[PDB]
Amino acid sequence: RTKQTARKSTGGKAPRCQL
Amino acid sequence: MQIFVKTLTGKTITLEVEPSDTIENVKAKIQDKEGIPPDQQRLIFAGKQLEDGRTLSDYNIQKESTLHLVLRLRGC
Amino acid sequence: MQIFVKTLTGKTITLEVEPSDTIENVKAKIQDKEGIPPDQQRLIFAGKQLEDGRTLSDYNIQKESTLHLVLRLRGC
Amino acid sequence: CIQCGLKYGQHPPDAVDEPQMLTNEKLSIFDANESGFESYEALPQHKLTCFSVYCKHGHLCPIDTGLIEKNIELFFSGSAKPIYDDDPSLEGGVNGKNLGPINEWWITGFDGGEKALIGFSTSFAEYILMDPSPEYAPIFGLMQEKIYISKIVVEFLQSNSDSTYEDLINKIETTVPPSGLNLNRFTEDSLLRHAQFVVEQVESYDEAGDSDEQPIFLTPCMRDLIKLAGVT
Ligand SMILES: [Zn+2]
């Protein structure tokens with residue numbers, strides 16, 4: 001069975017956040 | 001025996017396991033069925049996160065027990 | 001004397017501490033052992049956040065007490 | 001308001017701040033040992049029920065109108081519960097106040113499971129939402145339909161790379177909307193009125209994928225959708 005990562009999609013993010 | 005693995009969405013997976021299986025083995029069977037890498041998987045039973053080296057017998061996980069699967073999510 | 005620090009990641013830390021040590025001193029000890037910068041540490045005991053500038057004796061914290069460590073990540 | 005831009009935010013008298021809340025034994029999910037279970041870089045993750053989001057001075061606010069992107073600080077209150085808990089009552093929770101601010105909010109649960117899950121990330125913890133407070137519930141409900149459509153789209157594109165736009169609409173039309181959304185059926189316009197958000201969710205989901213699994217953005221379904229709806 002093929003690899004399938006568990007993920008989140010970003011609904012909103014503050015511009016203060018760098019990564 | 002059969003156990004169930006339930007995700008936070010309510011999705012339920014059925015596994016075939018033995019009491020001597022380790023949590024590590026169960027994560028591999030979850031990978032086999034669902035494709036989720038074991039390093040993403042946190043398994044919880046009776047309110048506590050489970051340790052990879054311990055067995056279902058160690059935790060008294062029994063026929064048709066339900067484990068909770070919580071994922072270390074990929075995100076950007 | 002010995003105290004314990006329990007994290008929110010399932011780790012128990014043992015520290016060597018004096019009653020006269022300030023909360024900042026305790027955080028520096030956690031930095032020495034775990035690598036966590038003290039400004040990212042919050043220490044909670046019996047529901048109460050322990051403040052910089054007070055000592056363990058100010059809080060009447062005795063040997064073999066267990067403090068609870070909460071981390072504030074830098075950035076996001 | 002210089003933060004906001006009407007209901008107001010309240011909380012039980014026993015609510016505590018975020019670090020004090022997170023150390024309550026009701027949220028202890030580990031039998032701690034010398035090695036630890038998680039990285040120090042991983043935030044603790046809990047459920048949060050009876051929640052409400054407000055600006056730096058009192059008004060209930062939405063989270064999807066751009067306030068977060070303008071770096072306005074939205075705080076939130078609610079009852080934190082163990083991550084596995086499915087009971088949205090206050091029972092067994094730990095009341096928290098002025099949590100956050102919200103650095104990021106997100107969708108997860110592209111399982112095929114019933115629920116769409118919404119999460120908040122703070123500098124201390126991550127929270128998967130259960131039920132809003134009665135007074136925040138109108139604001140939260142406004143967002144629920146586009147969240148759920150995004151889930152269906154991502155899940156259909158995951159399991160039908162070789163599918164076509166019309167087949168995606170058939171899946172949307174036959175998906176029974178979950179309770180509390182108070183709709184009989186999704187329709188093709190349910191997708192089109194929210195097409196910019198939905199497409200942004202698909203591409204964000206794609207971006208989070210490992211550089212070795214098939215994308216879902218570059219599909220027949222999406223390019224028809226981008227064209228048919230005017231998505232930038
Ligand atoms: Zn305001």
Side-chain angles (χ1 to χ4, degrees), chain A residues 1-9, chain B residues 1-62 64-75, chain C residues 9-10, chain D residues 29-31 33 35-39 42-47 82-86 106-117 119 126 128 151 154-160 205-206 208-213 216:
Chain A
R1 158 81 198 257
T2 179
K3 170 186 180 181
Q4 173 69 63
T5 51
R7 304 176 223 172
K8 62 186 169 185
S9 58
Chain B
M1 67 191 193
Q2 274 185 358
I3 64 176
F4 305 110
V5 178
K6 185 189 229 158
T7 81
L8 295 182
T9 66
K11 172 185 189 45
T12 303
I13 299 96
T14 308
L15 304 177
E16 261 297 311
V17 303
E18 299 298 347
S20 58
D21 288 335
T22 66
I23 304 305
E24 189 191 64
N25 297 341
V26 169
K27 287 173 174 183
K29 300 169 181 273
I30 294 176
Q31 174 177 38
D32 287 337
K33 221 156 203 253
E34 311 298 313
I36 307 172
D39 293 314
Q40 286 199 284
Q41 309 180 27
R42 305 169 58 198
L43 290 163
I44 298 152
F45 179 72
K48 296 293 180 185
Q49 181 162 321
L50 274 14
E51 297 185 70
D52 289 326
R54 310 205 70 218
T55 69
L56 302 183
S57 166
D58 288 339
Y59 288 113
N60 192 25
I61 289 158
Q62 67 180 73
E64 278 152 54
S65 281
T66 295
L67 315 189
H68 297 281
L69 174 56
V70 177
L71 304 160
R72 305 180 178 96
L73 295 169
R74 302 287 206 263
Chain C
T9 67
Chain D
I29 202 74
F30 307 102
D31 286 318
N33 58 46
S35 301
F37 290 68
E38 302 296 316
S39 163
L43 298 161
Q45 189 179 89
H46 303 301
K47 290 278 178 58
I83 187 64
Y84 54 88
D85 199 349
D86 277 324
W106 32 271
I107 308 176
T108 190
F110 307 101
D111 254 340
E114 159 193 288
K115 295 172 145 84
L117 302 177
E126 292 180 340
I128 293 191
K151 167 185 167 66
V154 168
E155 290 178 351
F156 183 83
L157 297 187
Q158 202 46 98
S159 321
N160 303 83
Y205 172 91
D206 246 13
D210 283 355
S211 65
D212 56 30
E213 36 203 333
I216 61 172

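Side-chain atoms are counted along with the backbone in the values below, which use heavy atoms only and exclude waters and symmetry mates. Protein chains get the first letters and strands the later ones, always in sequence-line order, with residue 1 at the start of each.
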>> Just by distance, no angles: are the side chains of D/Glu213 and A/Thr5 close enough, under 3.5 Å, to form a donor-acceptor pair?
In response: yes
>> Do the side chains of D/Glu38 and B/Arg72 get close enough for a salt bridge, i.e. N-O under 4.0 angstrom?
In response: yes
>> With heavy-atom distances below 4.5 Å as the criterion, would you say the side chains of B/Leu8 and B/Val70 are in contact?
In response: yes
>> I need the minimum non-hydrogen distance between D/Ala208 and B/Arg74, along with the two atoms involved.
In response: O-CB, 3.4 Å
>> Going by ring pair (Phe, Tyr, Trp, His ring centres under 6.0 Å), name the residues that satisfy it together with B/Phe45, two or more places apart in sequence or in a different chain.
In response: none
> If you measure from OH on B/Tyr59 to CD1 on B/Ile44, what distance do you get to the nearest 0.5 Å?
Replying inline: 11.5 Å
>> With heavy-atom distances below 4.5 Å as the criterion, would you say the side chains of B/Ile36 and B/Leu69 are in contact?
In response: yes
>> According to side-chain hydrogen bond (donor to acceptor under 3.5 Å, both in side chains), who are the partners of C/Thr9, at least two apart in sequence or on a separate chain?
In response: C/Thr7
>> Please determine whether side chain to side chain contact (heavy atoms under 4.5 Å, CB included) holds for the pair D/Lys151 and D/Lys115, giving the CA-CA distance in whole Å, both sets of side-chain angles, and the decisive distance to 0.1 Å.
In response: CA-CA 9 Å; D/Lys151 167 185 167 66; D/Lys115 295 172 145 84; over 6 Å; no
> Below 4.0 angstrom, N of the basic side chain to O of the carboxylate: do A/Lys3 and D/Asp212 qualify?
Replying inline: yes
> When you check the gap from the basic side-chain N to the acidic O, do B/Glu24 and B/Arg54 get nearer than 4.0 Å?
Replying inline: no
> Rounded to the nearest 0.5 Å, what separation is found between the OG atom of B/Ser65 and the CE atom of B/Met1?
Replying inline: 6.5 Å
> Rounded to the nearest 0.5 Å, how far does CD1 of B/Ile3 lie from OG1 of B/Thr66?
Replying inline: 8.5 Å
> Is there side-chain contact between B/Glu34 and B/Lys11, with at least one heavy-atom pair below 4.5 Å?
Replying inline: yes
> If every non-hydrogen atom of D/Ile83 is compared with every non-hydrogen atom of D/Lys47, which pair is closest and at what distance?
Replying inline: O-NZ, 3.2 Å
>> Angle between ring planes, D/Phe110 versus D/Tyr205, binned at 30° and 60°: parallel, tilted or perpendicular?
In response: perpendicular
>> Evaluate B/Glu51 against D/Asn33 for side chain to side chain contact (heavy atoms under 4.5 Å, CB included), listing each step before the verdict.
In response: CA-CA 11 Å; B/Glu51 297 185 70; D/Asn33 58 46; 3.5 Å; yes
>> Would you compute the distance between atom CD1 of B/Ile30 and atom CG of B/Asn25 and round it to the nearest 0.5 angstrom?
In response: 11.5 Å
> Tell me, do B/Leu56 and B/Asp58 make a side-chain contact under 4.5 Å, heavy atoms counted?
Replying inline: no
> If we only count heavy atoms from C-beta on, is the B/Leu67 to B/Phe4 side-chain gap below 4.5 Å?
Replying inline: no
> Should B/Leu71 and D/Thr108 be marked as a side chain to side chain contact (heavy atoms under 4.5 Å, CB included) after you check the CA-CA gap, both sets of side-chain angles, and the distance that decides it?
Replying inline: CA-CA 10 Å; B/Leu71 304 160; D/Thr108 190; over 6 Å; no
>> Pair A/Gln4, D/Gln158 - check side chain to side chain donor-acceptor pair (under 3.5 Å), show working.
In response: CA-CA 9 Å; A/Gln4 173 69 63; D/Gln158 202 46 98; 3.2 Å; yes
>> Apply side chain to side chain contact (heavy atoms under 4.5 Å, CB included) to residues B/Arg42 and B/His68 and explain how you reach the verdict.
In response: CA-CA 8 Å; B/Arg42 305 169 58 198; B/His68 297 281; over 6 Å; no
> Should D/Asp85 and D/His46 count as side-chain neighbours, where that means a heavy-atom distance under 4.5 Å?
Replying inline: no
> Any idea which heavy atoms bring B/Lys33 and B/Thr14 closest together, and the distance?
Replying inline: NZ-O, 3.1 Å
> Do D/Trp106 and D/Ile128 have side-chain heavy atoms sitting under 4.5 Å apart?
Replying inline: yes
> Does the pair D/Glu126/A/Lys8 count as a salt bridge with the N-to-O cut at 4.0 Å?
Replying inline: yes
> Can you find a pair of side-chain heavy atoms, one from B/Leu43 and one from B/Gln49, that are under 4.5 Å apart?
Replying inline: no
> In terms of heavy-atom contacts, does NZ of B/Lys6 have more than 12 from other residues, nucleotides or ligands at under 6.0 Å?
Replying inline: no
> Which residue, B/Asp52, B/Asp39, B/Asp32, B/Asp21, forms the salt bridge (charged side-chain N to carboxylate O under 4.0 Å, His left out) with B/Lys27?
Replying inline: B/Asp52
